[PDB]
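This document starts with two versions of one protein chain, written out as structure tokens and named structure 1 and structure 2.
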Structure 1
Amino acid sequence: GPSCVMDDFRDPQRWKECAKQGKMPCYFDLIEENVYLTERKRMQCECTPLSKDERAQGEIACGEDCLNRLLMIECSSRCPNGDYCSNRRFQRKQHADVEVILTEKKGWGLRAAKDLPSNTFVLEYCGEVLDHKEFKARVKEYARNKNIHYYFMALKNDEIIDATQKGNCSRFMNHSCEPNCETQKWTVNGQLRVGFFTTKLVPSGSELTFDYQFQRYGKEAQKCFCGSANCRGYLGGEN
């Protein structure tokens, strides 16, 4: 099919022109962090600073043993490893090399541009953060408009991320009943964010997918075309 790279979305003019020719997805507002529709001392880890030779050797500053990494909290600028800290991936946009592609029936999708090792950070899922009332309001709005794609993601109690109008290329990852990625909820400056992380080695060219768990709403449920042997048949939660 037709494909495009993440830089292609930085030009709002070349994009809208590309969209008309079915060589890029529909236009949306690109944002680099969540936008809270309604608005609702710090502790650094105890990792030992890495030596000049240790970093050169290929040692990880704030690796698997980091106090913050083990609670899925990112370190701040005030980390003892400073610049070298590998636990600031959201804040530094340390995203994987991914392309936006057209699938057969699922609309647009994400694929690995290179081989992606297991538990690699893909993309932060950014959008407008809604409460339970605002979310339910917009499902009815989107249903009335007769939208085909829905871009809701559960963040926490009374916080749902909506990437329908505003977000980034994370909003193109499709559901699979047998996924190669998962969601991980991460704390940055006392605030919870959600990103996609590989659960296995994704070969270059392979579509990136996660298991979208979300409580179903309404009578009609979207059919699943993920093509897996164990396909649940529909997107979301049991009922």
Structure 2
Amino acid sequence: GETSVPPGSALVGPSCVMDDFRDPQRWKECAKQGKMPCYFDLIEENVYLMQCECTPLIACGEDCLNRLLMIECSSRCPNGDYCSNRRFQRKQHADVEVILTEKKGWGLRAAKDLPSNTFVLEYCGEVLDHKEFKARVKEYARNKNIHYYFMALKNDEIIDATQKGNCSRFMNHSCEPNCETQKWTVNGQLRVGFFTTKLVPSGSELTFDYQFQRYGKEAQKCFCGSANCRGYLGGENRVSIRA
């Protein structure tokens, strides 16, 4: 039939917003109605189980000697409060929104245009040793978990955001992604964040190469929709020249 501009429709009860992730009561109410994802413990930093030469004034921009090595500045930075290279410490996350996708579950989208190499969010979670990781892999498999939330931090430490983390846990995989992980040193401690790799326009889903699953043994259908989607996610090996 002929289509027309719909009338204005205000909702019957009040809608769910990103601040409601810091309001357990309202999140749990919204979640019951399918307007928010399942509850998890929102954390501000991971749970465990260098002075630049910039002249005091963009403060600590692209030429900052700390930034170039993926090291954040300290409070002692020559630019003090105005230092732009304390993004993890100041939780200077991008304007993001959580979305419900047709096939992948929940996801994240950009609420403003994000330039290339913009910090999106820290990937926070429980930092697991190999023993605990192996125990949880078996636990989650037996429980038939639909989604996975592991990310390697270093060779002996894996971050698990299944139970505790932030909205970065909702990031989906794409075969042609628009974000990547970067591992930054913040007061001597390695942390991992998502950063854009191109200009991401407002309203676009934020995606990454989910290496943990991509190079794992088992596979699943990939719903990324990208022009050159590899078809499935998992069961892949990195390039090697054998024998």
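For residue numbers, the reference is structure 1: its sequence is counted from 1. Rigid core here is just the name for the largest C-alpha set that superposes within 1.5 Å across the two forms.
- Annotation for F9: C-alpha shift under 2 angstroms between structures 1 and 2, rigid core superposed.
- In a rigid-core overlay of the protein, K219 has its C-alpha displaced by at least 2 Å between structures 1 and 2.
- Core-superposed comparison between structures 1 and 2: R232 shows a Cα shift of 2.3 Å.
- Superposing the rigid core and comparing between structures 1 and 2 gives a CA shift of 1.0 Å at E134.
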